[PDB]
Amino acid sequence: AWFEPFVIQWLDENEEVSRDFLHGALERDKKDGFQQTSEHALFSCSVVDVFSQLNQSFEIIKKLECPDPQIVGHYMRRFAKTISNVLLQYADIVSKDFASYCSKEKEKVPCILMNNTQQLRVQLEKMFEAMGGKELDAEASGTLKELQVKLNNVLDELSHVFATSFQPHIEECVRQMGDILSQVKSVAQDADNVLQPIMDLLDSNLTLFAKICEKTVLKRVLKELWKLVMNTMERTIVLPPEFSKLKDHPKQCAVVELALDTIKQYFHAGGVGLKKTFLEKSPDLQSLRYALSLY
């Protein structure tokens, strides 16, 4: 009845309380160096704190047993906003410092972050069921479904930026490749020799992201890196200098043709990583093969 407007105040504070707790969860965790929880809990503590709190909140709102589902609906409608903003602010804090964490001097972090942003998406949808899922209020859920979409975008953005972190490096190696390659005038060893420059990436790195990323994280990052590798090759060896800011200006194509299969294997990672159906149908690959054909 008129209990409703009292409670809605609690809800207004809860947002504020929650919103303050997140800062201290993150801040506690940032200082600690964003350790993944275990070897299998691939997310760090900041993400345990924020949800146990948000779930406490909900627990108590439920314990606030209430008959009128037009009152209940309204509580959830207000709560939803809380979740959206906390997560959205977890989203944003993380995205900020992200580029700054991307030194392969302390390289675990970026992954644990992207990891956490996904662990967000997880526990959310998991909270989406605590509140009634389908039966849940219309306005409430609507703004929750909108939250997922926005988290997704964030994940997509960190993966892009994370991969991008590697771009100057890859550009140098792909150089060292075009050089070595040139020197050729066996085909299956020329491949190995040419690829030595970029092999560190393909091997240790993808191996690392293998171990530490989450399925959804590894995908998005790999997809990214594959694009970097593919394009940098295209521009650095294949395209005429009139068509590349990377060219500071044969039979060798074969080499790059088996190279590609090799690389492709490193991005497939025994099916841990990216799939062949995908790689076989990647425009950046398809575009590489074009360039290779024309030249």
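Quick note: we count residues from 1 along the sequence shown, nothing fancier.
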What is the count, as a class, of unmodelled deposited residues between residue 185 and residue 186: none, 1 to 3, 4 to 9, or 10 or more? 10 or more
According to the entry, how many residues of the deposited sequence fall between residue 249 and residue 250 and are not modelled? Options: none, 1 to 3, 4 to 9, 10 or more. 10 or more
Averaging the C-alpha temperature factors as deposited, the higher value of 145 to 153 versus 190 to 198 falls on 190 to 198
Determine, for stretches 119 to 127 and 176 to 184, which one has the higher mean CA B-factor as deposited. 176 to 184
Determine which member of 265, 231, 37, 46 has the highest CA B-factor, using the values in the deposited entry. 37
Just grab whichever of 218, 163, 71, 93 has the top CA B-factor as deposited. 71
When the deposited Cα B-factors of this chain's modelled residues are ordered and cut into thirds, is residue 58 in the lowest, the middle or the highest one? highest
By its CA B factor, does residue 275 count among the lowest, middle or highest third of the modelled residues in the chain? lowest
Using the B-factor values recorded in the entry, state whether the Cα atom of residue 103 falls in the lowest, middle or highest third among the modelled residues of its chain. highest
Record-listed C-alpha B factor of residue 113: chain third: lowest
Ranked by Cα temperature factor within the chain, is residue 81 in the lowest third, the middle third or the highest third? middle
